[PDB]
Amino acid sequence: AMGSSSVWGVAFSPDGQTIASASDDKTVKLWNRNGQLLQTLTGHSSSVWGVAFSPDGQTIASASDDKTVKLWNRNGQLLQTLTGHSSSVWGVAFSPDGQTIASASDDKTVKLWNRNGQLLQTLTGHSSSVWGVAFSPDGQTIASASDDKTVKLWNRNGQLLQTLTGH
């Protein structure tokens, strides 16, 4: 049971029957495998950059230029808005159980959240915009990638474990 992340540019649902895509109009669209539109997720007030399905398949996360991450159910309903980043959010990922969300922001931080929208941790250390984030299968360990040309590995108590590329 792996995490799910926006970093590969594809967000299949766990059964592969639904696919989520960031649209060019501040929306996320859900499609079936035949290219038919199922849901438009409306609510972001600026560009949507990253999307992920929870491994539960019931929740979708979207990262936006409007500095928020939004959580949606599969039937298109907005569930939560995760606020706290001070700049664009580029990337979003779910832990393998779907109960933790990680967000990667232009504000140089990764933030970790629960599904009720509560901020759990801020990972600070990157000297530049953080564009990518992903969980380990153990669900304890997090990788982030930044324009500072480094990749950092963290615990979910927010301690830096290693800088894997770069310095």
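Sequential numbering from 1, following the sequence displayed.
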| item | value |
| --- | --- |
| Higher-scoring stretch by recorded Cα B factor average, 31 to 39 or 134 to 142 | 31 to 39 |
| Stretch exceeding the other in mean C-alpha B-factor - 101 to 109, 116 to 124 | 116 to 124 |
| CA B-factor ranking of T59, expressed as a third of its chain | middle |
| Position of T81 among the chain's modelled residues by C-alpha B-factor, lowest, middle or highest third | lowest |
| Chain-relative CA temperature factor third for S87 | middle |
